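Chains as they are written, first to last, in the authors' numbering: chain Am, 11 to 49; chain I, 154 to 266; chain T, 29 to 83; chain Au, 11 to 186; chain Ax, 46 to 212; chain BF, 9 to 109.
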Amino acid sequence: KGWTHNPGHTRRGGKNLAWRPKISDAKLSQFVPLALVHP
Amino acid sequence: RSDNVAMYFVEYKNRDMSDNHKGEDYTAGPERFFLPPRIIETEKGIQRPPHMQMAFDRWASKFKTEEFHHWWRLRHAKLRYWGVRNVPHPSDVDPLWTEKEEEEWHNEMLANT
Amino acid sequence: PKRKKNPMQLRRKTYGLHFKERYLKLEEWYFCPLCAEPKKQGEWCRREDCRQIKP
Amino acid sequence: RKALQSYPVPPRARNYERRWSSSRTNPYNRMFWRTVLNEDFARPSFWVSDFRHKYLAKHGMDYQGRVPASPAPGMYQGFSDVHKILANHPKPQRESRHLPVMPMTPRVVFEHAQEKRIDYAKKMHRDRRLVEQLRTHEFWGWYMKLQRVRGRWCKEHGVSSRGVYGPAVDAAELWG
Amino acid sequence: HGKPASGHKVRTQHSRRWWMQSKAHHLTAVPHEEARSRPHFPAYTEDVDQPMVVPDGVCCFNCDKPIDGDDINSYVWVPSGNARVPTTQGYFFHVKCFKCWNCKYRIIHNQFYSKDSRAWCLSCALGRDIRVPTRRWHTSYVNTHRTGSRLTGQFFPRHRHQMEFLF
Amino acid sequence: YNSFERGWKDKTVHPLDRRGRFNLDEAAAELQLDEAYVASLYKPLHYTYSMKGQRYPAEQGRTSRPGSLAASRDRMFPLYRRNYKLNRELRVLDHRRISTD
RNA sequence: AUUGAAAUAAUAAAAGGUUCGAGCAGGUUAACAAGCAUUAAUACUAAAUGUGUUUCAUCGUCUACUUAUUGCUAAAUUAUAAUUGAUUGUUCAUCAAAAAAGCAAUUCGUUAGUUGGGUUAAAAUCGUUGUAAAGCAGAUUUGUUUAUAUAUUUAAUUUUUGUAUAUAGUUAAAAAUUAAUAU
RNA sequence: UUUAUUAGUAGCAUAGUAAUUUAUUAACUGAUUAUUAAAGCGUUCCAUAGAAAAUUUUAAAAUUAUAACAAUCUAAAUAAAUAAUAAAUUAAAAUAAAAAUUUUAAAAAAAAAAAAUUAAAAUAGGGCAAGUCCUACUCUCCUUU
RNA sequence: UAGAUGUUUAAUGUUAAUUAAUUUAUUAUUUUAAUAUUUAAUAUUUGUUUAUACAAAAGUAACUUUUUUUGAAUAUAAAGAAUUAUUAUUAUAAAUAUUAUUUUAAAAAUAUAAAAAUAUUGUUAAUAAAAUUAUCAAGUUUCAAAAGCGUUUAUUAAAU
RNA sequence: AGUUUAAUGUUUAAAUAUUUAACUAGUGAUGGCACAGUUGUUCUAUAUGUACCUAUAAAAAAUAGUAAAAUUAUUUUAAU
RNA sequence: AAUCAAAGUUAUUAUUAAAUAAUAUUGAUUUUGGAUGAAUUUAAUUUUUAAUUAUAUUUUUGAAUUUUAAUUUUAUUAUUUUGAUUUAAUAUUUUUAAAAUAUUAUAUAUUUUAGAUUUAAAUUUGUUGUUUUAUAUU
Ligand SMILES: [Zn+2]
Ligand SMILES: [Zn+2]
Ligand SMILES: [Zn+2]
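Set out below in structure tokens:
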């Protein structure tokens, strides 16, 4: 009842790297433009 | 007809250099299975090695009896007990080899006469 | 089977290239010049002429 | 299940019982050692073990001799199925002096029907090998005609029957 | 305290005290613990050392009539291991001369007692008197031509026979 | 099977036992064994002696059919007719051999 | 209406629950095992096999065992398994279990409840589903969408100096040994 | 409170993995000592052999590690049964629900193997209702010897 | 449109006084009973090759002409599991018959295991009574608990 | 070599068979005929007495409205 | 790729069933015994193969009930000689067995696409389509 051959929490579906890049939201949030001006 | 297994005809290569099957024909099987195979008429003048064609009729000798003509009659009852379609009744299976088919061959051994 | 199949279920059976290729295909053939009988290629008779030179 | 009293002779193999014992064969060779070794096991078979009690009374002694077998004529005349009040011996006789004759009980006749069907079986086997020692005996005798007529033919036609090579590959007595 | 202390006798044929009580003590060398165990005897006693053939000066022990040489299994050839004394090989009897001489019925369980060159039934030859069997009276149950006697006696290594591994 | 289509035929009848043609009665004369008896050795013992046996139904022969006459089990299989002289002479106990009075 | 008790392997005709979209009483006092509102969901555990969560500084979640198979801890391996949730008809049956018994225990008895040894656990896969495939191809790929992802059983370097009573930090080698493209 | 002999955490009502000792790297094992055992107990106890446990130890079954097709069990051609079957063109998938497990409703999407769902199951498992059954004893009642 | 405020059949349908177009309108979404489908392009089936005993029950789908004896009479091949199926019906006896029913070009499971280095119980509720073998098929030992060897429908300190 | 186990089989070749473990020593027992249903038999398990002992077979209309399954005819004409 | 809505006729053969009717009846489907019988025996004071015109009484208070109808008088146990009469029912087998309309990136049959959706019955004791039954044809 232990020792999985497959360690880690690599999710199943969210793999497109364009609409869900594998970047920790801690390091990805710093690009969310909270002063967005041109559009 | 009994299953879609294919049927190849494996034959040894050149027989015109043989000594036993010199000019035989295989377009059709022997009539009764104890009868020697039809020969190409262009080479009808062929005789065989005796040890081959004297031991054959030694074997073919058992089907020329009536005890096999009883085992033939009988077998047709088995194939009906096991019902196999299209098997004639053992009452109309008149023998393979017979006395009328005896007279030719004893007079076809004119070599030893 | 927890349901019976309407024909439109039985009819989808006849669309895949498995039904078609198994049942509904005509075989390519031609006349064996020696036997004058229909014949497929690569197959021959039990007969000297048909067996020496493949018709 | 076909009560044993129906069989001419009681059956040879006698099946028993014993959910926790699985073996067809009755253990003979144990029923034999007892009986041969212990005299008492089998009931005396009255006569051969009477005739004392009739010697002791009339002679004042133990018989002290081997008792005659084959009970005297006239003994056990009212008995009908003796077979136990005896050994399996026949009912002795009448009280006569006529030559001994087996009273053809249904049992004795059956034994006759064995010793004829024993001679029958040993005769159907004894002459299978007698004709089997013609078929194979004469097949060989004929087969050597074959290797002779093949032996004669294979010299004029020169087929050495030893490969594509000439005898010069043989004379080396190697593989080649 | 595993509870079901009364049991099935589950072992027994899985012991080493068993493996020594299953052997046969036959007439071979086969020191011990090497003889066959389940059937108690090896099939096909090889006898290349001495050919073990039926002799020519052969005769019935019980009847004394000469016996067919070897073309037949009408004779019950009991080779009592190495016998020599009854004949060059062991006692010989036609199948129908295999009865007890004194009581004249069959030799029950086939153990006979050679009384002065006439096989006597063990029970009569022993003094007992019950003198008629049930099944077959005047013909024993025996096998013919040693085929019933090859459960015992003289398997292949009948001696030291070390010629094998020596030079 | 040199058939190219297996069936109740072209099943090579004996692809062994090449030593055919046994003249039993002729050979039985050498052994002096009652020619009628020897030939019985070489067919299932059902067919000759009064023994319990299993027969095929076609072997039994049919009633007179519209297509074929009554084909008795004998006239189609002559050498299978039981010989009850040869049975009795060999297998059954005669009154004679046990006549005691 | 003319006594009181039992499981009898109790049953037959019905619905309706123990294991729950909500309840109850006995774990350091208090947060938690869990005797009543549904409903062929037809026991706990193990094996295998997944999963969406959520949880500090990269960033994070692969331990294997002993005793008992109860389940969850104790505790041994230097150092020791995040927490929730949905999960097991595929696999076992150990437990729990239906006069086969027995022990102590309650019964006037029939019997009842602890404990131990016993005690079938199962059908041709139709739909969905998914893994593959459809015989095809001179060519990976524009966009869909992703079983697929480098580390969590620790060494030896090297800087052990910075800082202070001991001493860090990028890395590298080795180890856990394997590679991945539908028109 | 028969409880003396005797064995006693034992198929011994809980208390428990009994407390000690060993044994194991780790002892809910098992064995030992004694001994107030919820209420064993003289038909007790000892002795005890193939049985079921506990060690030690050795060992071929492919026991973990571990994955490792040699063998036999085609397709096609032929014959043609079975459980089950209200329907389907929806079925997916995500989310809320409201009585329920979720299934619906709604929104919003968008050939062959395996057993996740549909009932992959049979049939066991409950407990309640009315009905009948069967067994039991100081309290009910006949046919009763 | 069409009575009205929603649950008790309309019948001279050949004038049951019939006589060439009555065009019969009346049919129970389940029950059994009979058919037909689905599962089903299927599950089973598949006939290539040969190691002899004889009784009685049991049958009688059963053909007939065949030479039974020296007995009057009497009668001699075939079962049961629903079947031509697992299936030597073991009453006997015997021992060399060249007696004769088994489709086929693949990998998944699975039934199954030839072969093969290490490791030896770490697997598991629990290894060790667990097919055959010519490499000839067998674990040893200690302790504790435990009677008789028979006998049992959930197989034993059952009952003898 | 037919029988306390295990695998396979799971409408299976079987409404118990295949392979296999165990066991196997019956002068005391598959077996002449004999006991029959409120009862036989029981080395006693409420077991069996012809493939569920609740015996079969036979004869009833027992009860079942006290949450079982059903109960056949559209176009209506007073409500709760 | 995908759909597409779809065939009502066998052809040919003749004296049962059911109730009813108030005349017979020693046990239906070979030839007892076949020694000479002892072996081929079903009988007795009870709602029975016997079948009875009232609502008052009386009654364990509650399932219990009415007495000749004309004394041999007809309510009585029954068919051949109208295919025996009548009315209801009607077949059963042999071998028959059939057919040409809706897309082209997908919710469900209407031609002109879009609109459209409890399958019903029960059960709902409004735990209010509560997990029950139905493959279809007659
Ligand atoms: Zn041709
Ligand atoms: Zn002799
Ligand atoms: Zn003697």
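By construction, the Cβ of each residue, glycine as well, lies at the ideal position given by its N, Cα and C atoms.
{"Query": "The alpha helix (DSSP H) spanning BF/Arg-73 covers which residue range?", "Result": "Premise fails: BF/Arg-73 is in no alpha helix (DSSP H) and is neither H nor E."}
{"Query": "Is residue 258 of chain Au near ligand 3, judged by its Cβ being under 6 Å from some heavy atom?", "Result": "There is no way to answer for residue 258 of chain Au, as the model of chain Au reaches only from 11 to 186."}
{"Query": "Do Ax/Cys-108 and ligand 3 come close, with the Cβ less than 6 Å from some heavy atom?", "Result": "no"}
{"Query": "Just to confirm the assignment, what range does the beta strand (DSSP E) spanning Ax/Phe-157 have?", "Result": "157-160"}
{"Query": "Which residues does DSSP pair with BF/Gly-15 in a beta bridge?", "Result": "BF/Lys-17"}
{"Query": "Using 8 Å for Cβ pairs, my map puts Au/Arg-24 next to Au/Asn-36. What's the rounded Cβ distance?", "Result": "5 Å"}
{"Query": "T/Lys-68: which of T/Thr-42, T/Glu-55, T/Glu-76 sits nearest, CA to CA?", "Result": "T/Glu-55"}
{"Query": "Starting from Ax/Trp-122 and walking both ways along the beta strand (DSSP E), at which residues does that stretch end?", "Result": "120-122"}
{"Query": "For Ax/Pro-76, which of helix, strand or coil comes out of DSSP?", "Result": "coil"}
{"Query": "Can you pull out the residues from the region 123-138 of chain Au whose beta carbon lies closer than 7 Å to at least one beta carbon of chain BF?", "Result": "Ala-123, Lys-126, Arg-127, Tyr-130, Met-134, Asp-137, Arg-138"}
{"Query": "Keeping to the same chain, check which residues put their C-beta closer than 8 Å to that of Ax/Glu-78; ignore five residues upstream and five downstream.", "Result": "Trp-64, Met-65, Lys-68"}
{"Query": "Using C-beta distances below 6 Å, list every residue in its chain close to BF/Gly-61, excluding the 5 sequence neighbours before and after it, in chain order.", "Result": "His-54"}
{"Query": "Check whether the Cβ of BF/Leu-87 lies closer than 7 Å to any Cβ atom in chain I.", "Result": "yes"}
{"Query": "Verify the CB distance criterion: does Ax/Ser-168 have a CB-CB separation below 7 Å to chain Au?", "Result": "yes"}
{"Query": "Applying the criterion that 16 or more other CB atoms from any shown protein chain within 10 Å of the CB defines a buried residue, is BF/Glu-67 buried or exposed?", "Result": "buried"}
{"Query": "Quick check: the region 48-64 of chain Au against the region 76-94 of chain Au, are there 3 or more CB pairs under 8 Å?", "Result": "yes"}
{"Query": "Using the beta-carbon of each residue, find all residues closer than 7 Å to any heavy atom of ligand 1 and list them in chain order.", "Result": "T/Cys-60, T/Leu-62, T/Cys-63, T/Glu-65, T/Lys-67, T/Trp-72, T/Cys-73, T/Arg-75, T/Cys-78, T/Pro-83"}
{"Query": "Please list, following the chain, all residues that have a C-beta closer than 5 Å to any non-hydrogen atom of ligand 3.", "Result": "Ax/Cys-145, Ax/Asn-147, Ax/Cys-148, Ax/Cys-166, Ax/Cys-169"}
{"Query": "Determine contact between the region 78-85 of chain BF and the region 33-53 of chain BF, defined as no fewer than three beta-carbon pairs at a distance below 8 Å.", "Result": "no"}
{"Query": "Quick check: Au/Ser-106 and Au/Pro-83, are their CB atoms within less than 7 Å of each other?", "Result": "yes"}
{"Query": "Distance check for Ax/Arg-151 and Ax/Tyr-186, CA to CA, integer angstroms please.", "Result": "8 Å"}
{"Query": "Could you say which of Au/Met-134, Au/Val-174, Au/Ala-181, Au/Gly-176 lies nearest to BF/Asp-42 if we only look at CA atoms?", "Result": "Au/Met-134"}
{"Query": "With DSSP collapsed to three states, give me the class of BF/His-103.", "Result": "helix"}
{"Query": "Report yes if the C-beta distance between BF/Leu-94 and Au/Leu-140 is below 7 Å; otherwise report no.", "Result": "no"}
{"Query": "Any beta carbon of chain Au sitting closer than 7 Å to that of Ax/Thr-179?", "Result": "yes"}
{"Query": "Could you tell me which residues DSSP puts in a beta bridge with Ax/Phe-137?", "Result": "Ax/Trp-122"}
{"Query": "Show which residues of chain BF have a CB atom less than 7 Å away from the CB atom of I/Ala-230.", "Result": "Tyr-64, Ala-66, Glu-67"}
{"Query": "Give the DSSP-derived three-state secondary structure of Au/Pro-177 in the structure shown.", "Result": "helix"}
{"Query": "Looking at the strands, I want to know which residues DSSP matches up with Ax/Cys-166.", "Result": "Ax/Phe-157"}
{"Query": "For a contact defined as C-beta to C-beta under 9 Å, what are the partners of T/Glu-65 on chain I?", "Result": "Residues of chain I passing the Cβ test: none, with the nearest at roughly 15 Å."}
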